[PDB]
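> This is the structure I have questions about; it appears just below.
Positions of Cβ are generated from backbone atoms using ideal geometry, with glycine treated the same way; all protein chains shown enter the neighbour counts. Each value in this text was obtained by applying a stated rule to the coordinates, not by laboratory testing.
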Amino acid sequence: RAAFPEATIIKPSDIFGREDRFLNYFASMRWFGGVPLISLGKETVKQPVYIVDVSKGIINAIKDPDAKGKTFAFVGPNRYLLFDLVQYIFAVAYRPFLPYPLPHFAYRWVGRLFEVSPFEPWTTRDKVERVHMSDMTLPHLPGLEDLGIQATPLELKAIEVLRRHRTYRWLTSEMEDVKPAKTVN
Amino acid sequence: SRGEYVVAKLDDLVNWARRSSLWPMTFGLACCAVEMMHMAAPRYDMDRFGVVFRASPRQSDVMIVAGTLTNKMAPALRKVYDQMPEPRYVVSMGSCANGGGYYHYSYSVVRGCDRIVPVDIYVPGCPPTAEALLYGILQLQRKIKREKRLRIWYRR
Amino acid sequence: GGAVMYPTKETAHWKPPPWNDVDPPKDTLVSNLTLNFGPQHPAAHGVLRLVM
Amino acid sequence: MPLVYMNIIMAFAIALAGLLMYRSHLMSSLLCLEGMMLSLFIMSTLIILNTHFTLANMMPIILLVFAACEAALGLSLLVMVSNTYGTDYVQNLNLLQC
Amino acid sequence: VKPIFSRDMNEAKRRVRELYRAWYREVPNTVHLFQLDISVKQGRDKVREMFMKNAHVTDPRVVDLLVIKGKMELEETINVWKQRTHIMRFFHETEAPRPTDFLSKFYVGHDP
Amino acid sequence: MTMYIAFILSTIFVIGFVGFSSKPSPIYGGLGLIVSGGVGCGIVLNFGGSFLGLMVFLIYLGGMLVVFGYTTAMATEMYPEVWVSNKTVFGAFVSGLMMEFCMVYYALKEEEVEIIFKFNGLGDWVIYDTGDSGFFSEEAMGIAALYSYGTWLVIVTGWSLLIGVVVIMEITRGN
Amino acid sequence: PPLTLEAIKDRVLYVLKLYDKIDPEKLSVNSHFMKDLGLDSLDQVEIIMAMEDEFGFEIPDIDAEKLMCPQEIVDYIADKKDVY
Amino acid sequence: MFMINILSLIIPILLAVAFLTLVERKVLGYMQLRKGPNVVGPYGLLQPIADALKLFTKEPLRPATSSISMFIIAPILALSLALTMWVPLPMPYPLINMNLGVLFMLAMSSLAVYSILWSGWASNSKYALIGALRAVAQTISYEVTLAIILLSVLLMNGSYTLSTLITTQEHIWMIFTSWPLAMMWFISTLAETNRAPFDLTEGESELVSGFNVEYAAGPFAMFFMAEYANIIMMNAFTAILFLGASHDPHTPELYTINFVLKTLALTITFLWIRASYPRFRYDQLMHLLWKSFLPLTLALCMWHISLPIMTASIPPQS
Amino acid sequence: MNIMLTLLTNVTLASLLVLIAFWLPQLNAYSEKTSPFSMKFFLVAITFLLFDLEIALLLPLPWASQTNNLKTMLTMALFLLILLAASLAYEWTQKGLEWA
Ligand code: SF4
């Protein structure tokens, strides 16, 4: 803002998509033993925005003249508790949900072992801190609707995003689909 | 730096391995497949260079789009490209594959295979003579030789 | 003439065994596998989607 | 009796119990049949080798000859059952009652 | 005038009803087989829209010909002749919305 | 440790038997049977039965169960059932290992275990004989006497195999 | 398991209720679909498909077009299922 | 030092497989008026290194998603059995001297089919499963003749001990005695090793890659190494069984040279056959074995039983 | 112990290669790639079994040739071989050898 006074600094929330790092992260947490959940994710309300929505928001901000010098904030259509979101992820993926909460000291040795790795501390600990943080609600900043784009619900786009993680677990057993995550709104 | 030297030598090794053993896939749609076979024919035999035709996309490293890519054939071409493991390189042979060629204005022709899959080397010709195709393959080998994957990794 | 003498309620619903044979179910043993022969196939000349 | 005899007799007992407790598949039960035959082969071979019953060293072979005959019969039945029901499931062998 | 399949508009309507029935029941199978991400209701709504597109037709032969084309498309979808791309082509997802009011058209381009 | 190779092998044999007896998908059952057959060959070889044990490796592992596998492949199930797939299968698998451990420990701790028979914990090397067989393989000569002495066995076994071919044909006719 | 006429009516009414385009309040056994409920021909086709799904018997087109009264659906189902 | 001997058997065999790949490529090229790989190293000697490195650095695709334990065991079993089957061979002194090394090799060959059996199944594809089934049938069909022919020829050896084959053929090659059996045995080796004209398993022209269609990078390399090691081992078994070599007890080098040369000749014959003939149809393959070969093998087995009795040439048991 | 050593070494070597080929190259950084009929001809497999049984019965023949009752041995060996040939001929003539 100092260098570019009229720059449009967009402030997006968690972004999910086909090549996401947020949803896919939770999907791959199943590989990492059980499902590590700080406070069982009961203190982390999340509001994920769809990648296509974010991109189109950026484009429209570029096109629209009013966007200049406006700190836009991209928020997801709904807010979910971390537990709810992770549960829905494991449901659409049909992966066995093994949520073990993380006591600070007890799982701190696990985090220390992750850091002890001679390579990066498993994408640093700051990523785990991000997981250990609910999305800020900043209504003063303009949102997607201000640009005209309407945020697509996660539930509709979750299937596409997490079908890649869907394995014979769902391929062999078509069964039925799952139910939307609990919305803390 | 010593680390940079080790990284550079390792990247030289892997690039040499990949360019020496280039396994194109048996993918020929139209006329240019004939000149491709003539490249495989004894006169310009590609096997000397390590170029061996392997049918399996999963066991193949380069895709040669030899022929006109129709709208009906395009999804299959994309699928076979995606099933191909990486590192993967695409060589477009023929004016038809490069930009549509003779049938550029046809309703049923994709105006170039670059629209469907990324292309590394474009071989002009209609048909490109087998020597031109061998030249394009060797140019692809030089392109692999110039790759600096491990150097970029070390610089991060 | 019942399927079984002194039939219980559950057995009462059950029909008597057939006179000669059991009626076979609808297939469910074998079918015709459908294969896309080409187009990438070596023998398909590259542009033949032979649905066999 | 040395402990190896105990182990092999235990293996036969376990295989017998597995055969007598089906779950769904007939092939698993036929596997238990073949397994029991293996236990019997090993037991007979150990007995005959230890006692130097030279003329009985062929008994294990005949046992296996008829073991494979029985296995073959079992598979020949299993294929027909699968054809008539679509699975090898034991629960489909229900037409005959009492 | 020689009838293609129906001598009257009513018979063509009966054939349309049959074709609609078949498409309606086929839609969930299409969604399952092609692994489409749309819902069954969404697909059936698209089917309804496509059928209403041809509603204005007031000639029995045209209705019969449209029915033939619908049957051919349904046979393609029932088999796996059509790919996921072909099935989703009905849903013009990539194409950007084209505004229809006069003022937007005037802004965008010279097109009438 | 090499003093009780036969016992270690017998325990592995029992474990494989628990594996295919718990009834996972016939693939894993086949694996357990294959391991058990190899281990039984090992025990037989240790007792001096090279030929007999090798027979299991070929006419049992590469024979009866080689087709068992070919069969399961034709009748493919939707999911490969494993020990953990069903709680009962996993539970029985663990209990079977535990049962073996209990008898094994009892046999070693109590010089004389008596489950249904009486077993002595002394190593199997004790029972072996100190005689010499000279320029001969006793197992080989006994097995080869099937043609010189066991002519009646040869007749009955050959007839049974021929009737087995006919029987399998008739059963697979299916009318 | 006597397949009562009132049970058939209940199943028919439940099926009609599930259909969103029909407003539940004005739904009645005698409410003709086209006029009372305002649904179109394809709508009627869909509801007949729902009915034949619920009762498990296929309704041909000629019989289906004679419908458009829920009471007609119930009595047709009774005729095909031989009720009374 | 026994571990040293194990390594000396293992690593050179793998190097021989690696260079057998180049040899095959060059021979096929020259019989097709082409030149084999020659850019990569002097006369193409460095091509296998490039091939291996390229394979290893390549992406490890794995959409098997079913019994990954099996999908990993199959390559392990294949490579391990290919390496093990080399152990009992006397060249001229075997690494492990078994009274019944021949039956051991038969059992190991029968087991090695499970590698193809599992790989194709755990792949959980279409071509993979059906191709694996065709494999089972192929190997199983020729295993019968392989055993009968082997029994028929060993009737002259007097034992299943591989080492005594050298003594038996001290004065003449056993091919002179049993050439019809030799021809059938050679075709049998071809079928068992899944080589052209019986390359139905992989069958690239018909099945995209067969059982290994879903195997890439290293596991595919292990399958390739197992295949070629089996080729060399089966040709070595043929050389020991029929084309016997003179063995001077004080200088084993002469026998080793002669044996190696004969095995090389037979492997070159394998490549030559791969180049010449087209592939037998799956159906025709079985027709050639059960209906055409199996009979003649039975007749020759009767003859080779009868001959020692009627010629008083029963070989010594020891 | 020699045979056990050989088995161990070979298995460990092959498994080591499988490790260096399943995990070691799996580290290399990449991205996302997405991704039966009842065979009645199995009768051939079953017939293999019953023929493999005769195969087993015939293996003792090299030692069987060392007996003094060579007449009885030869008669029984040819008896088994002729029974096998008869079985093959029966399956052949009854079209039981319907391969593929
Ligand atoms: S560029 Fe020419 S030769 Fe190649 S496919 Fe097109 S028309 Fe044929």
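> Could you please find all residues in the stretch C:13-23 being more than 7 Å from every other protein chain (Cβ to nearest Cβ) and assigned to a loop (DSSP other than H, G, I, E, B)? Quick ask: steps written out before the conclusion?
First, pick out the residues of the stretch C:13-23 that are more than 7 Å from every other protein chain (Cβ to nearest Cβ): C:13-21, C:23.
Within the stretch C:13-23, C:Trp14, C:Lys15, C:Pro16, C:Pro17, C:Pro18, C:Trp19, C:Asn20, C:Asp21, C:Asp23 qualify.
> Select from the stretch F:73-88 the residues that are in a helix (DSSP H, G or I), surrounded by fewer than 16 Cβ atoms within 10 Å (Cβ to Cβ) and not polar (S, T, N, Q) and list them in ascending order. Let's see the steps before the verdict.
Keep residues of the stretch F:73-88 that are in a helix (DSSP H, G or I), which gives F:73-74, F:87-88.
Narrowing further to those that are surrounded by fewer than 16 Cβ atoms within 10 Å (Cβ to Cβ): F:87-88.
Once the filter is applied, which keeps residues that are in a helix (DSSP H, G or I), surrounded by fewer than 16 Cβ atoms within 10 Å (Cβ to Cβ) and not polar (S, T, N, Q), the stretch F:73-88 yields only F:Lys87.
> Would you confirm whether any residue within the stretch I:2-14 is of a type in the set (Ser, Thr, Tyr), within 24 Å of the chain's Cα centre (by Cα) and facing chain H (nearest Cβ under 8 Å)? Working first, answer last.
At the first step, the residues of the stretch I:2-14 found to be of a type in the set (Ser, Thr, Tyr) are I:6, I:9, I:12.
From what's left, within 24 Å of the chain's Cα centre (by Cα): I:6.
Subset that is facing chain H (nearest Cβ under 8 Å): I:6.
Yes, the stretch I:2-14 contains a residue that is of a type in the set (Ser, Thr, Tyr), within 24 Å of the chain's Cα centre (by Cα) and facing chain H (nearest Cβ under 8 Å).
> Go through (1) touching a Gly at 6+ places or on another chain (Cβ under 8 Å); (2) within 25 Å of D:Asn7 (Cα to Cα) for D:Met43 and report which single condition fails.
(1)
> Mind checking which pairs have a first residue in the stretch I:19-42 that is facing chain H (nearest Cβ under 9 Å) and a second that is of a type in the set (D, E, K, R) and in a helix (DSSP H, G or I), Cβ under 7 Å, 6 or more apart or different chains?
These pairs meet every condition: I:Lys33/B:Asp82; I:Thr34/B:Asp82.
Every residue, every condition in (1) more than 8 Å from chain H (Cβ to nearest Cβ); (2) within 15 Å of the ligand (Cβ to nearest atom); (3) closer than 17 Å to B:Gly28 by Cβ, yes or no:
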{"position": "B:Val51", "(1), (2), (3)": "yes, no, yes"}
{"position": "B:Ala55", "(1), (2), (3)": "no, no, yes"}
{"position": "B:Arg58", "(1), (2), (3)": "no, no, no"}
{"position": "B:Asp61", "(1), (2), (3)": "no, no, yes"}
{"position": "B:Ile64", "(1), (2), (3)": "yes, yes, yes"}
{"position": "B:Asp82", "(1), (2), (3)": "yes, no, no"}
{"position": "B:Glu86", "(1), (2), (3)": "no, no, no"}
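> Let me ask you something else. Quickly run through the stretch F:26-56 and pick out the residues that are of a type in the set (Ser, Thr, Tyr), crowded, with 23+ Cβ neighbours inside 10 Å and more than 8 Å from chain D (Cβ to nearest Cβ).
If we filter the stretch F:26-56 for residues that are of a type in the set (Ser, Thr, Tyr), which is where we start, we get F:28, F:36, F:50.
Now drop any that are not crowded, with 23+ Cβ neighbours inside 10 Å, which leaves F:28, F:36.
Answer for the stretch F:26-56, where residues must be of a type in the set (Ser, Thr, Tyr), crowded, with 23+ Cβ neighbours inside 10 Å and more than 8 Å from chain D (Cβ to nearest Cβ): just F:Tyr28.
> Counting only residues that are of a type in the set (A, V, I, L, M), within 23 Å of the chain's Cα centre (by Cα) and over 18 Å from H:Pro88 (Cα atoms), how many does the stretch H:158-179 have? Working first, answer last.
Looking only at the stretch H:158-179, we keep the residues that are of a type in the set (A, V, I, L, M), and these are H:162, H:165-166, H:172, H:174-175.
Going one step further and asking which of them are within 23 Å of the chain's Cα centre (by Cα), we end up with H:162, H:165-166, H:174-175.
Remaining after also requiring over 18 Å from H:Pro88 (Cα atoms): H:174-175.
Selection size over the stretch H:158-179: 2.
> Limited to the stretch F:92-136, what total is found for residues that are closer than 24 Å to F:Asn46 by Cα, assigned to a helix (DSSP H, G or I) and not aliphatic (A, V, I, L, M)?
Count: 5.
> Say we look at the stretch H:1-39 and pick out the residues that are among the charged types (D, E, K, R) and assigned to a helix (DSSP H, G or I); which of these is nearest to the other protein chains (Cβ to nearest Cβ)? Reasoning before the result, please.
Residues of the stretch H:1-39 among the charged types (D, E, K, R): H:24-26, H:34-35.
Within this subset, residues satisfying the condition of being assigned to a helix (DSSP H, G or I) are H:24-26.
Details: H:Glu24: 11, H:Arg25: 6, H:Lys26: 9 Å.
Only one residue fits best here, namely H:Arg25.
> Continuing with the same structure: Here is a check on your reading of the model: is B:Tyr154 under 23 Å from B:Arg54 (Cβ atoms) and either of a type in the set (D, E, K, R) or away from the ligand (no atom under 16 Å from the Cβ) (or both)? Walk me through it before giving the result.
Values: under 23 Å from B:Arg54 (Cβ atoms): no; either of a type in the set (D, E, K, R) or away from the ligand (no atom under 16 Å from the Cβ) (or both): yes.
It is false that B:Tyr154 is under 23 Å from B:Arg54 (Cβ atoms) and either of a type in the set (D, E, K, R) or away from the ligand (no atom under 16 Å from the Cβ) (or both).
> Between a first residue in the stretch F:142-167 that is aromatic (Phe, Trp, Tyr) and a second residue that is outside any helix (DSSP H, G or I), which pairs have beta carbons less than 9 Å apart while being 6 or more apart in sequence or on different chains?
Close Cβ pairs satisfying both conditions: F:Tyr147/I:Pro60; F:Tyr147/I:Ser65; F:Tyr147/I:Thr67; F:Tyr147/I:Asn69; F:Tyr149/D:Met58; F:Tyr149/I:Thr67; F:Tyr149/I:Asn69.
> Scan the stretch B:100-113 residue by residue and report those that are within 12 Å of the ligand (Cβ to nearest atom) and surrounded by fewer than 16 Cβ atoms within 10 Å (Cβ to Cβ).
Once the filter is applied, which keeps residues that are within 12 Å of the ligand (Cβ to nearest atom) and surrounded by fewer than 16 Cβ atoms within 10 Å (Cβ to Cβ), the stretch B:100-113 yields B:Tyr102, B:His104, B:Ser106.
Yes or no, residue by residue, for (1) within 12 Å of chain H (Cβ to nearest Cβ); (2) within 30 Å of C:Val30 (Cα to Cα):
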| site | (1), (2) |
| --- | --- |
| F:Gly69 | yes, yes |
| F:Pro80 | yes, yes |
| F:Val104 | no, no |
| F:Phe117 | no, no |
| F:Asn120 | no, no |
| F:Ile127 | no, no |
| F:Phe135 | yes, no |
| F:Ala145 | no, no |
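> Checking F:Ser85 against (1) touching a helix residue (DSSP H, G or I) at 6+ places or on another chain (Cβ under 8 Å); (2) more than 10 Å from chain H (Cβ to nearest Cβ), which single condition isn't satisfied?
(1)
> Let me ask something else. Name the residues in the stretch B:11-38 that are among the aromatic types (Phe, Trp, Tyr) and either under 21 Å from H:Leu28 (Cα atoms) or more than 16 Å from the ligand (Cβ to nearest atom) (or both), would you? Steps first, answer last, please.
Filtering the stretch B:11-38 for residues among the aromatic types (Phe, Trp, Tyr) gives B:16, B:23, B:27.
Residues satisfying the conditions are B:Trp16, B:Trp23.
> Ok, one more. Return the residues of the stretch H:76-131 that are more than 12 Å from chain F (Cβ to nearest Cβ), among the aromatic types (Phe, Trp, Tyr) and over 30 Å from A:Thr172 (Cα atoms); say none if nothing qualifies.
H:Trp86, H:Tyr93
> Also, I was wondering about something else. Restricting attention to the stretch B:114-136, which residues are touching a helix residue (DSSP H, G or I) at 6+ places or on another chain (Cβ under 7 Å) and either within 14 Å of another protein chain (Cβ to nearest Cβ) or away from the ligand (no atom under 16 Å from the Cβ) (or both)?
Answer for the stretch B:114-136, where residues must be touching a helix residue (DSSP H, G or I) at 6+ places or on another chain (Cβ under 7 Å) and either within 14 Å of another protein chain (Cβ to nearest Cβ) or away from the ligand (no atom under 16 Å from the Cβ) (or both): B:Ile116, B:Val117, B:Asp120, B:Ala130, B:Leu134.
> What residue, of B:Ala41, B:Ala8, B:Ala74, B:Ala97, is more than 16 Å from the ligand (Cβ to nearest atom) and either more than 13 Å from chain H (Cβ to nearest Cβ) or crowded, with 19+ Cβ neighbours inside 10 Å (or both)?
Working: B:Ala41 fails: either more than 13 Å from chain H (Cβ to nearest Cβ) or crowded, with 19+ Cβ neighbours inside 10 Å (or both); B:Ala74 fails: more than 16 Å from the ligand (Cβ to nearest atom); B:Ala97 fails: more than 16 Å from the ligand (Cβ to nearest atom).
Every option except B:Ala8 fails the conditions.
Residues are listed down the side, and each one gets a yes or a no for (1) in contact with a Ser or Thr (Cβ under 7 Å, 6 or more places away or on another chain); (2) buried (at least 20 other Cβ atoms within 10 Å of the Cβ):
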position: D:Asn57; (1), (2): no, yes
position: D:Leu64; (1), (2): no, yes
position: D:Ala68; (1), (2): no, yes
position: D:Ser82; (1), (2): yes, yes
position: D:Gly86; (1), (2): yes, no
position: D:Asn94; (1), (2): no, no
position: D:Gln97; (1), (2): no, no
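> Also: Select, from H:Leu111, H:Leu103, H:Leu53, H:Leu83, the only residue that is surrounded by fewer than 20 Cβ atoms within 10 Å (Cβ to Cβ) and part of a helix (DSSP H, G or I). Outline the logic, then answer.
On the way: H:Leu111 fails: surrounded by fewer than 20 Cβ atoms within 10 Å (Cβ to Cβ); H:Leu103 fails: surrounded by fewer than 20 Cβ atoms within 10 Å (Cβ to Cβ); H:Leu83 fails: surrounded by fewer than 20 Cβ atoms within 10 Å (Cβ to Cβ).
The unique qualifying residue is H:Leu53.
> Collect the residues in the stretch H:228-256 that are surrounded by fewer than 20 Cβ atoms within 10 Å (Cβ to Cβ) and in a helix (DSSP H, G or I), keeping them in residue-number order.
Scanning the stretch H:228-256 gives H:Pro252, H:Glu253, H:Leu254, H:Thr256.
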